[PDB]
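Just one chain follows, in the form deposited without the named molecule, and it is written as structure tokens.
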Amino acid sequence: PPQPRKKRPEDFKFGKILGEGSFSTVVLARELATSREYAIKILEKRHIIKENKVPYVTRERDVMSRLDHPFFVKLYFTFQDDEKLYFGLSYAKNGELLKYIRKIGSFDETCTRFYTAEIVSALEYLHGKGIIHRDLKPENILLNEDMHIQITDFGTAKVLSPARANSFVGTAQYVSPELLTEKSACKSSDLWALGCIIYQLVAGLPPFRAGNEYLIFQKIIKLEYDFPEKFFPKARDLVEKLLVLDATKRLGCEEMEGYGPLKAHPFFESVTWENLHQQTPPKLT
């Protein structure tokens, strides 16, 4: 079927910079003909070529094209002028999840449950297509205008074909031990991350903290962390079935028999998994 015109820079009115990266910048832009707002990621071809990132830029584009779910930032289009690449991304009006965590300290039982259920839901979809995020964190979990989550940042993801290959290491506090002792990663890697996130929603801080990265990696492989007193019991329990050094024993992985058991965990008792994105999120305390 024929497609709409290939878009070009002039079709937009660029506005504020939302965020600046090492090899890119996200700029909020407004499309002239439609008046729609898109968050446009811009990258300089020369810089990318100079830094051997073609693999990372191509992957991000490819992975996102394949995605088609309400909990993932959509990639509306792409185009390029002589020196730059533009990626039309959906604009999450309420920003990073982390913002909220800092704004209110920790989440209460209901808000933790709800949002954790979306992450899980989103992870089940992703893994369903044999895709590993590899750097999941509150910074990558955005919130749309309705306060529903929207995972983004897939340039460092990985597509499976065998648990497989390797490359980089995501943010320190979310790295699973297998990456520190095996230089290899699988789906559970995202599960370990999930465990960390859940723990952070409840305690206000991630499981492994230390003066530097080398120190956090030291705690990770030794599994050094502990729960705070008021930590919701069922939540605590779920987290213990997630932060397991052995990646084949994490609740939710293939060897553990998938997402059935995970969604069936007591912590999600009252969750209705079927239409999460059509439910009204609990007001963030």
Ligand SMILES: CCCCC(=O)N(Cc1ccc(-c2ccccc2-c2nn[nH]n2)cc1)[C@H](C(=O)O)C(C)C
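All residue numbers are counted from 1 along the displayed sequence.
Only in words, not in the display: the form solved in complex with the named molecule, which the text now covers.
Student: Considering the named molecule in the deposited bound form, find the one stretch among 191 to 199, 175 to 183, 112 to 120, 81 to 89 with heavy atoms no farther than 4.5 Å from it.
Tutor: Going by heavy atoms within 4.5 Å, the stretch is 81 to 89.
Student: Could you check which residue among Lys222, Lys45, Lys234, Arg36 gets a heavy atom within 4.5 Å of the named molecule in the deposited bound form?
Tutor: Selected option: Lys45.
Student: Is there any non-hydrogen atom of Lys283 lying within 4.5 Å of the named molecule in the deposited bound form?
Tutor: No.
Student: Can any non-hydrogen atom of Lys6 be found within 4.5 angstroms of the named molecule in the deposited bound form?
Tutor: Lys6 belongs to the contact set for the named molecule.
Student: Taking heavy atoms only, is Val54 within 4.5 angstroms of the named molecule in the deposited bound form?
Tutor: Although the named molecule is absent here, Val54 would touch it in the deposited bound form, with heavy atoms inside 4.5 Å.
Student: Does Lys249 reach the named molecule in the deposited bound form if we count a contact as any heavy atom within 4.5 Å?
Tutor: The answer is no: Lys249 has no heavy atom within 4.5 Å of the named molecule.
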